[PDB]
Every structure is written in C-alpha cells, then in structure tokens.
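In structure tokens, one chain follows: the form solved without this ligand.
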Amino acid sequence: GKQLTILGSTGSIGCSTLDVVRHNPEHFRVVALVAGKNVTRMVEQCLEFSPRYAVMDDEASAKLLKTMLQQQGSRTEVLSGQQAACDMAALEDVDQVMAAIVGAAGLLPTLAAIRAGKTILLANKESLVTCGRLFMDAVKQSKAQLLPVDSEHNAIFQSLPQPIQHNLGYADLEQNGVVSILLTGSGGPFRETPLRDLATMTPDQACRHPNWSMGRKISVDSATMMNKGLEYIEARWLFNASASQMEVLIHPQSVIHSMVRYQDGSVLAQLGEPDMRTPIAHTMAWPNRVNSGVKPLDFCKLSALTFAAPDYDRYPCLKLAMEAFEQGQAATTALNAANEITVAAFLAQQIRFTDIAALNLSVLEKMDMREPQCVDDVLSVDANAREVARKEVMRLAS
C-alpha cells in the first residue's frame, strides 16, 4: 500500500515501526532503510523487508553491509553518506518517512523529507527543539503532513479536531475550539523525595523510571523533567500554541498520555499501554487504524490515576525550558546541547544530579547569541553550547 523510507531503522523506534509493517505486510512496503553503523541489524532488516535501498552513514559499515547482503544473495542496493540519507527521504515514490534518526544527524534528512512534501512520521526530537521555526516554515511551504510519533505529542494529536490534524502547525487552536494542550509526565523517580536529598541522588536511582525502564539519558531527563521541558518546546511549535495554551501536569501512572482542553469544558485524552507501536501505528495508518500488536489496556489492572502540578523548585529544568522557548531557537538548542553534556557528566559521576539544572542555566546565561537562520546556524550554536558546558563541568569537577 504505502511506500515508506525509515530514517534510523536499526534503533528502537525503527525496529518498532518495522514490527508494525510486519503486522501489516499488505498495507506497507519498505522501499528504503537508513541507519548508522549497526550492520548486523541492517542485514536482518534488509533480508526481511526487501527494501530497494539500504543506507549506512558510515562509509565502512556500508562496504561491510554490501558484502554481507551479497553473501546472503540480496540485491538491495547499498549507499552511504548523509546525502544518500537525504535522497531516500525525498524518493519520488515514497509516501511516508519515519524520521527516527537521533541527534543533529537527523536534521538534514528530515528537512529533505519535509521539502519533498512527504508525510512525516516525526520521532526526531532535535527537529523541533532546535529547528522548530525553520521546520514549521518548511512544512507550510511544501504542505507536508507532520504526524507526531512521540507518545505525548501523538496523544495530543489524536485528541485534536480534524481541521488541526490536517494543516498541523499553521492552524488556529482558538478558532477550532481548543483552549489548551495538557502535556502529561510521570514526574520521575524523585517526585516525592525530600528536596534536600536531590543533591545526593545517584545515577542508578535516577535511571529507575517510575513505571518502565528506558535509556539512561532519557531516564535522567524524566527525573529532572527536562524531557517534559523539551516536549513543551516541541508542542508549542507543533500545535501552534502560545504559553497560555500550554499546561504541564504530573500524572505518575502514565496511563493517560496527554490531553486537550476544549471551549465547552470537554477534555479529550488518549490512554494506552507504554508501547511505542501504538503511536507509531497511529501515524502510519492515519486517518485510519491498523493492528499494532499492542495488547488492549486492561482498566481493571490499573493503579489509581492521579494528577499534580509540577513544582519548579523540584523541576528547575522544566521552567528553564519554558523560559528558553520565549528567548528563541538559540536558547532552546543551547539548552538541549548543554543538557546532553551535563546529563552525560552526571552519569559519568563527574557532577551531582542537581548540577544538571544548575549547569544548564549557567551555560544559557553565557550564550547571548543571535537567532539561527538555517540548519548551519543551529549546528553552530549547538557546538558552542557543548563546549561551554564541557568547560562548566570541568571547573566543577576540579
């Protein structure tokens, strides 16, 4: 049915999307797969989904993939490099592009898909956190359909009216009866720990997700709620929402994935299991649905559902991100970059848990750079913020 190009096929999101196509072989055809260096995984994916093209970023990995596929008898054409990755995202025949490449490396490929007016299954966070302005403008000009894959943004999308779903980003919320967007989050493992003790929390304590384990980096972001701050930035761009049209709410059980408040008092919400196949399948099948392999949510086996307002004294990173948005893309990409450095430094036990927020603010207070005007400017800000951050860490550890 629909032809897709998967950017970052060997990662977690890429594997989950391939599982969805595996559940619906007659509705989806994989024409191109793009990854980085995981040759072993790529081979298996190429051998199962018969893509016309397979692209590795690393030139060496590509050569290795090539000999592997030939030994296995596959005729999948192998390519290498960023340009090749962008070409796959712009293939004339592809309908959808699952944008799951992490970091700055996902920027150009995602943009190429946007400029080609493809339906974009957006998973890449950096896209809007650092290039929100540039990308939403690009989506408007090409008329590409953005479909948020991230759990929260996807739930919000599903809870939004039809006119906004179509023409996403440049549609008026107020004009479609939407009062605000309710962004939910678990609050992390330190939701009730004495503020006094936050400074002594260990990486292992911080990496225990209150509901289900994830990557260490993301787990820490969930403990500081920087993750929710980043999603706040994305949501603003994605749904064309002002500050007053955004509400952040702690929901410990993570059963409700996010909601939308309406003018008549109605609140629409999306609930489900903690399985990325659900959001992914929603975007791939939109406006229809398909089986994702996810089991039906059992309402009789749930913990009581609760809510609470986030305390900025406990989650300074959340407030930091909200303020950064109002300061511009330079501030948001800098915050994002600084956080990658400080979280990494926390996990490497170079700084304390509470130093993440402190150092993130310190880096931002030293930037004072102009608004990026292109992906190159963003990259420049990113590189600059990381150096400042690495220096901040080093002076702290010494």
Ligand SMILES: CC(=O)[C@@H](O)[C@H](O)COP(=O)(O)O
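Take the two forms, find the largest set of C-alpha atoms that superpose within 1.5 Å, and that set is the rigid core. Position 1 is the first residue in the sequence shown; the rest follow in order.
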{"item": "Cross-entry absence of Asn211, a third or more of other PDB entries", "value": "yes"}
{"item": "Average Cα temperature factor in the PDB entry - higher stretch of 291-299, 254-262", "value": "291-299"}
{"item": "Segment of higher mean CA temperature factor, 368-376 or 50-58", "value": "368-376"}
{"item": "Largest Cα B-factor, entry values, listed residues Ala321, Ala206, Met276, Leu182", "value": "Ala206"}
{"item": "Maximum C-alpha temperature factor, selected from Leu33, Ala338, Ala358, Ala345", "value": "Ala358"}
{"item": "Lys217, C-alpha B-factor rank within chain (lowest, middle or highest third)", "value": "highest"}
{"item": "Assigned third (lowest, middle, highest) for the C-alpha B factor of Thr67", "value": "highest"}
{"item": "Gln349 by Cα B-factor - lowest, middle or highest third of the modelled chain", "value": "highest"}
{"item": "Within-chain third of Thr5 by Cα B-factor, per the entry", "value": "lowest"}
{"item": "CA B-factor placement of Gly328, once the chain's modelled residues are sorted into thirds", "value": "highest"}
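Keep in mind the form solved in complex with this ligand is missing from the figure; the text below concerns it.
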property: Ligand-site call, this ligand overlaid in the deposited bound form, backbone or C-beta contacts under 2.4 Å, 3+ atoms; result: open
property: Whether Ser186, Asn227 and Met276 all lie within 4.5 angstroms of this ligand in the deposited bound form by heavy atom; result: yes
property: The unique member of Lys319, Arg261, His209, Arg236 whose heavy atoms fall within 4.5 Å of this ligand in the deposited bound form; result: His209
property: Interface residue in the deposited bound form among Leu297, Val290, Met214, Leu305, criterion: non-hydrogen atom within 4.5 angstroms of this ligand; result: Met214
property: This ligand in the deposited bound form: contacting segment from 219-227, 133-141, 68-76, 173-181, heavy atom within 4.5 Å; result: 219-227
property: 4.5 angstroms heavy atom contact with this ligand in the deposited bound form for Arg314; result: no
property: is_contact(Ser151, this ligand) in the deposited bound form, heavy atom dist at most 4.5 Å; result: yes
property: Sequence-ordered residues of 101-135 touching this ligand in the deposited bound form, heavy atom within 4.5 Å; result: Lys125
property: Sole member of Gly293, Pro274, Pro210, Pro161 with a C-alpha shift of at least 2 Å between this form and the one not shown (core-superposed); result: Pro210
